[PDB]
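Reconstructed Cβ throughout: ideal geometry from the backbone, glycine too, with neighbour counts over all protein chains shown. Please treat every number below as a calculation from the coordinates, not as lab data.
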Amino acid sequence: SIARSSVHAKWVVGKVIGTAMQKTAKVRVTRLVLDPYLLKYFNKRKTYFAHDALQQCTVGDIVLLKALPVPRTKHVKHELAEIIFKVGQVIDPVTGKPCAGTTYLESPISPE
Amino acid sequence: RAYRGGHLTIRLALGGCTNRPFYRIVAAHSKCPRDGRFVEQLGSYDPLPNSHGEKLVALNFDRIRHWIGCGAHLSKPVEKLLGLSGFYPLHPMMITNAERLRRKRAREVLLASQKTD
Amino acid sequence: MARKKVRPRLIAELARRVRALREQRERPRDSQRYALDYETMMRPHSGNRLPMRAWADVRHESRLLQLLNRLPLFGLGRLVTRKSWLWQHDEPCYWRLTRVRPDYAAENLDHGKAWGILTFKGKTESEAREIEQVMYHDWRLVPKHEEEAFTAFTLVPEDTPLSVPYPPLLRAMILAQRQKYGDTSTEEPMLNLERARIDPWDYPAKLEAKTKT
Amino acid sequence: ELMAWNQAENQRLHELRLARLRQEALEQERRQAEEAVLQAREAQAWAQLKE
Amino acid sequence: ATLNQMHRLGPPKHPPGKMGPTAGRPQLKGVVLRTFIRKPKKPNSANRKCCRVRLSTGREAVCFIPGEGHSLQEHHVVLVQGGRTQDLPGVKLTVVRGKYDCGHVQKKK
Amino acid sequence: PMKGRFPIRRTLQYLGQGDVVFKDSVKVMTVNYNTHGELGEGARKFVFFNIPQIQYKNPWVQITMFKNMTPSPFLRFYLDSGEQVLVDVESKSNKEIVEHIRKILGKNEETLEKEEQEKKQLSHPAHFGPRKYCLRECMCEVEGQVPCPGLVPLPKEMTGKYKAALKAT
RNA sequence: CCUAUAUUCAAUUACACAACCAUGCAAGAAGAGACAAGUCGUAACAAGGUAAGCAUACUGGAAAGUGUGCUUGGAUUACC
RNA sequence: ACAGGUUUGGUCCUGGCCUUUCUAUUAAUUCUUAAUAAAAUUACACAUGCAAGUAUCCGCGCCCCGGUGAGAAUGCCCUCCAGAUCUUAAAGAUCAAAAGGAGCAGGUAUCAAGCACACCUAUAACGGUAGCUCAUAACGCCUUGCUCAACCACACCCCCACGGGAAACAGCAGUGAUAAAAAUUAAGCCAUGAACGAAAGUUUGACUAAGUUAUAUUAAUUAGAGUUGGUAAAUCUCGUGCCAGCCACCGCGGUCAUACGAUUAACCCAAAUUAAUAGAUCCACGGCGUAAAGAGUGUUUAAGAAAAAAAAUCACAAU
Ligand SMILES: [Mg+2]
Ligand SMILES: [Mg+2]
Ligand SMILES: [Mg+2]
Ligand SMILES: [Mg+2]
Ligand SMILES: [Mg+2]
Ligand SMILES: [Mg+2]
Ligand SMILES: [Mg+2]
Ligand SMILES: [Mg+2]
Ligand SMILES: [Mg+2]
Ligand SMILES: [Mg+2]
Ligand SMILES: [Mg+2]
Ligand SMILES: [Mg+2]
Ligand SMILES: [Mg+2]
Ligand SMILES: [Mg+2]
Ligand SMILES: [Mg+2]
Ligand SMILES: [Mg+2]
Ligand SMILES: [Mg+2]
Ligand SMILES: [Mg+2]
Ligand SMILES: [Mg+2]
Ligand SMILES: [Mg+2]
Ligand SMILES: [Mg+2]
Ligand SMILES: [Mg+2]
Ligand SMILES: [Mg+2]
Ligand SMILES: [Mg+2]
Ligand SMILES: [Mg+2]
Ligand SMILES: [Mg+2]
Ligand SMILES: [Mg+2]
Ligand SMILES: [Mg+2]
Ligand SMILES: [Mg+2]
Ligand SMILES: [Mg+2]
Ligand SMILES: [Mg+2]
Ligand SMILES: [Mg+2]
Ligand SMILES: [Mg+2]
Ligand SMILES: [Mg+2]
Ligand SMILES: [Mg+2]
Ligand SMILES: [Mg+2]
Ligand SMILES: [Mg+2]
Ligand SMILES: [Mg+2]
Ligand SMILES: [Mg+2]
Ligand SMILES: [Mg+2]
Ligand SMILES: [Mg+2]
Ligand SMILES: [Mg+2]
Ligand SMILES: [Zn+2]
């Protein structure tokens, strides 16, 4: 089981910024950093390059990324693992139904 | 710092005060300074006699044997201290020095007897 | 470490190639490298003086290739020994010469590199090893009529004890260690010496590269 | 064991959610019943005015 | 200043101390280039003993000679400190009394 | 402080009093919640209060908050092994969310105690060195031993100058 | 190449080459301050004796004056 | 900050400067002995001495110790570790290059655009996409060793070190120049650390034991410095009279001085006392009608809060 990555970001979640690159996705991960003076948590953004072999990620997707065991280039060190929330087409994980924001597209109380 | 080579050595670091030595039995790299960076501290060694009159020496036998199994080299005074503690066999340098001291006492008493008559 | 403004140094890597080429092209041949001035005992190449304990032997004895230049096949299968071995060890210690490569640059031909089989204290080695300390002025050759008589060695078993008592504090450590778990056996603990066997300082070492297994 | 417990908890909460959503659907049906009977009144008055 | 603005601007840091006429040195060795008399400001009137020296840093500045009575001429080596004279505008240097060529004040005998 | 609705939550004591420590396999906590409706008051209060306490004790865990995409508030824990932990929070309260998280993925009291008992072993009482890592600087200051020469002057018999002077004659 | 090894090459080639700057000096120009002799007016502070000021334009030794909009950081003293 | 002095005929508020506390250097005055810690101007050039030896030859070490802070915003912390070294049959232990990143990281946005800094193919070659970073500060300029059991970088310079300037103390001592800055051109490996040798053992300007220095704390063999208008403890008598002169701020000098120079007296420190320069600390979790501040207006990107529920649209001079 010799499959290890030297990066700390073993698994990250971010929003897709741009898909201009072929088979490569540009994602932005937002973490919470404590201000040493204000003692408040603020959102720090960081851009990551990911390999999208199938080229299905569009602008506005919530994307999970796994650390690549070997970096293909000097800037791509992650791969698209799963799409969590497609833009405009959200599927509720708890109910398994399509939803449009706060409104249910298909009611779960009507199985048939 | 970066070194081309060297070996781990369990030795004595003179960290003390003027006319008042005090050694730290520590495992450190061979190419580092005496009072420089070390790996792990083991014990203490007190060269002066205290009020009660004992020479007080500390050994962390478990970590010492662990590091020595890992490949730590030893210095001669550390060997003398470990042999005196009973953890290791007596160093032959101590035995030959004791024999030399025996011969010095013998010649001293011989000269003292010959100078009196 | 790794920065965005790292300058691509090229002269530092060009100097590596230059020194690598100069190391082989200007390699000092072992003839002049091990040449010796017999009056001052001063090495002309390196600039070192010989130890004072080696002063008598240089003028009173000879090296390996100094006696090997008078043999027909450069000593194939011959036995060669050292006078230091003759003095210290009464048991026969010899080198079986299996191959020799003398230098052609020497104008008397008394320098070279030789391999062979080492038999120290009668113990024979079943492996091919390089002959160490060739330039030493201690080598001696045995004649053919004594080739068989020198090999005569009696195999006497050693009387070294196989187990020794532990030091006092360390022994008490085990006596307290097993007593806590409840071992009522009062057997005296021994320290093994089977794998503690070591070679003497007169035992030469191999000069071949170590293979990492 | 913990993850099976979490799955069971989520299924229980989903059952209570469905029970609540059916009552919400009934209340929504009541709202449709009132809005239809109103829009019948305002729709007819505009038709009479324009007629 | 909302919390977001405070986070964006960061904590306030005190500015570094600006160097004085001596460029951070407690004392400066100089040679007297012109000895003269300067007047104080409007509120008080006097005739102060002022000098113009060449500092070791190559800067030419005006200094004041404390004490009553002095014997300093051209090409005289003195030591100046960052003493500021309140009555004289622009004079921020004072010659140390008891130096190579500017000795202690003599008592009237 | 003074600015903010609840100045207390921006204090080191409040951040330290929240005891929720995740396991080594926990990597990502993705919270999804709504900003309307009475069902999600607990999720909104959780985001308002307990996120800083969890973040303070899990600095390497990435926590991301999302607003108004799913009608049902929930949490999604992404582990190292790839298993996704789905936690539905529809009517749970602020304290119930914390207790549920600690129950399903967290560290036991004994687990924390063993880690801190190991940590206290690193600083060793018998070692010597600086006051940051050791309790004693020079072994003179120990009561029973020879005093420090900078505090109590040593007798003439122990000074090195007298020993050289006697050897000179 | 009847035991096995030795030597060699890693030097050049085409173009901009003080442009860009940094530190002093400089024939000179202009500004600000302090203004120990002062000269010329009185612009502002009172409906400061033409109410002040803003933007802009023009004019005048000078404070400034005037035109067009704007403000009261001015009054109209209040059964007038 | 437990604060105080200081704007005005006067009060309140706002607001800056200074004083009161601690530390480090230099200068002045004074000075008696010891103990300990530290010796600090120079990356300007060096006369001379020593600082790498060990050993039956081979070999091993020979900026390792030690010295310095020029450059680098360098860097702090964290994963992986090639390679080197110790002992083993492997395996283990130390140093750990290179590659990076969850995060942190001097001033300057009057540095706002950088100008090739990106991706896929299958092979390590052809080609096709039009990309990549950046106001959450990219690309630039200036300054500086540092977050300290420590870490980073340098060894005369050209960032390197083939080559070119050119004959190297940024080793211990010492010498010129320079600077406000001033340790012995001295003894040893007895004890530690390092190197060598199987070893007795050798070397080590590292280190130890010392010589010099009020740079600092302690004991005493020692008593001098500062101040006496307010802040802030403490002045009697003489001389000058906006002159000489004094001061950290306010300020004082009238044949009218507890503030100038001298005497007496007094106060506070003390082998130290003042002056200067550096520091530690000190600005805003505070305000924006009149004191500095609501930007001439609306929309929108990025971003932020949707925390309990409601609403949208009517006479009159918008354009
Ligand atoms: Mg010392
Ligand atoms: Mg040698
Ligand atoms: Mg002054
Ligand atoms: Mg003097
Ligand atoms: Mg007018
Ligand atoms: Mg009028
Ligand atoms: Mg007028
Ligand atoms: Mg008029
Ligand atoms: Mg007027
Ligand atoms: Mg008026
Ligand atoms: Mg105007
Ligand atoms: Mg006109
Ligand atoms: Mg007109
Ligand atoms: Mg008015
Ligand atoms: Mg005023
Ligand atoms: Mg001095
Ligand atoms: Mg250093
Ligand atoms: Mg720079
Ligand atoms: Mg490794
Ligand atoms: Mg590394
Ligand atoms: Mg500018
Ligand atoms: Mg620097
Ligand atoms: Mg260099
Ligand atoms: Mg030099
Ligand atoms: Mg050197
Ligand atoms: Mg020196
Ligand atoms: Mg000199
Ligand atoms: Mg000094
Ligand atoms: Mg001098
Ligand atoms: Mg001197
Ligand atoms: Mg000596
Ligand atoms: Mg030694
Ligand atoms: Mg020795
Ligand atoms: Mg002192
Ligand atoms: Mg008088
Ligand atoms: Mg005075
Ligand atoms: Mg005073
Ligand atoms: Mg006086
Ligand atoms: Mg303020
Ligand atoms: Mg204003
Ligand atoms: Mg407005
Ligand atoms: Mg404006
Ligand atoms: Zn001590």
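General remarks:
- Per residue of B:16-28, other chain Cβ atoms within 10 Å of the residue Cβ number 5 on average.
- Summed residue charge, Cβ within 13 Å of C:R25's Cβ, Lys/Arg positive, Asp/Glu negative: +3
- Förster-model FRET efficiency, 30 Å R0, C:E188 and B:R65, C-beta, rounded to 0.05: 0.90
- Surrounding net charge for B:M93, when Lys and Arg each add one and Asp and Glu each subtract one, Cβ distance under 14 Å: +1
- Bridges between two residues of region F:1-82, per DSSP, are antiparallel at a rate of about 50%.
- Computed from Cα atoms alone, the Kirkwood hydrodynamic radius reported for chain E is 16.1 Å.
- Neighbouring Cβ atoms from other chains, within 10 Å of the Cβ of residues in A:28-40, number 6 on average.
- Gyration tensor verdict on chain C (Cα atoms; rounded if a/c is under 1.5, prolate if a/b is larger than b/c, oblate otherwise): oblate
- For the residues of F:120-128, the average number of beta carbons from a partner chain within 10 Å of their own beta carbon is 3.
- Simple point charges give the picture: +1 on the Cβ of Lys and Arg, -1 on the Cβ of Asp and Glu, and for the protein assembly as shown a dipole about the Cα centre of about 6000 debye.
- Dipole magnitude for chain B: computed about the Cα centre from +1 point charges on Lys and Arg Cβ and -1 point charges on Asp and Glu Cβ, it is near 420 debye.
- Evaluated at q = 0.12 Å⁻¹: base-10 log I(q)/I(0), Debye formula over Cα of region C:58-164: -0.44
- Build a GNM of chain F with springs between Cα atoms under 10 Å apart, and of F:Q55, F:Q117, F:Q84 the one that fluctuates most is F:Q117.
- Distance from the C-alpha centroid of region A:31-105 to that of region C:22-47: 70 Å, rounded to the whole angstrom.
- Applying both filters, DSSP loop and at most 12 other Cβ atoms within 10 Å, to the GluC sites (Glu not before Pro) of region B:46-105 gives B:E54.
- Dipole axis of chain F (+1 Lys, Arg; -1 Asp, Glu on Cβ), positive-most option in F:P52, F:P73, F:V85: F:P52
- GNM flexibility winner over chain C from C:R140, C:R33, C:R19 (Cα, springs under 10 Å): C:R19
- The base-10 log of I(q)/I(0) for chain B, evaluated at q = 0.21 Å⁻¹, reads -1.20 [Debye formula, identical scatterers on Cα atoms, solvent excluded].
- Convex hull of alpha carbon positions in chain F: directionally averaged projected area 18.1 nm².
- Entry note, chain F: relative contact order of 19 percent, from Cα contacts under 8 Å with a spacing of 6+ residues.
- Here's the picture: charge each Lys and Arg Cβ at +1 and each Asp and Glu Cβ at -1 in chain C, and of C:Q32, C:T124, C:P189 the one pushed furthest to the positive end of that dipole is C:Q32.
- Of the residues B:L59, B:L42, the one with the fewest other Cβ atoms within 10 Å heads the list, and the complete ranking is B:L59, B:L42.
- The residue among A:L80, A:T103, A:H8 whose Cα reaches farthest toward the positive pole of the charge dipole of chain A, with charges on the beta-carbon of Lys, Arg, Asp and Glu, is A:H8.
- Ordered by the number of other Cβ atoms lying within 10 Å of each residue's own Cβ, fewest first, A:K10, F:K27, C:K5, A:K44 fall into the sequence C:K5, A:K44, A:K10, F:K27.
- Working note: Cα atoms of region C:153-213, range along each principal axis, descending, whole Å: 51, 37, 20.
- Ordered from longest to shortest, the equivalent ellipsoid semi-axes for region C:1-97 are 44, 19, 17 Å, each the square root of 5 times a Cα gyration tensor eigenvalue.
- Region D:1-32: GluC sites (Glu not before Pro) in DSSP coil with no more than 16 other Cβ atoms inside 10 Å: D:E1
- Translational diffusion coefficient (Stokes-Einstein; Kirkwood radius from C-alpha pairs) of the protein assembly as shown at 25 °C, 0.890 mPa s, in µm²/s: 62 µm²/s
- Using just its DSSP H runs of length 4 or more, each adding -39500 (n - 2.57), the protein assembly as shown gives a mean residue ellipticity at 222 nm of -8500 deg cm²/dmol after division by all residues.
- Within the listed set F:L135, F:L75, F:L151, the Gaussian network model of chain F (springs between alpha-carbon atoms below 10 Å) gives the highest mean-square fluctuation for F:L151.
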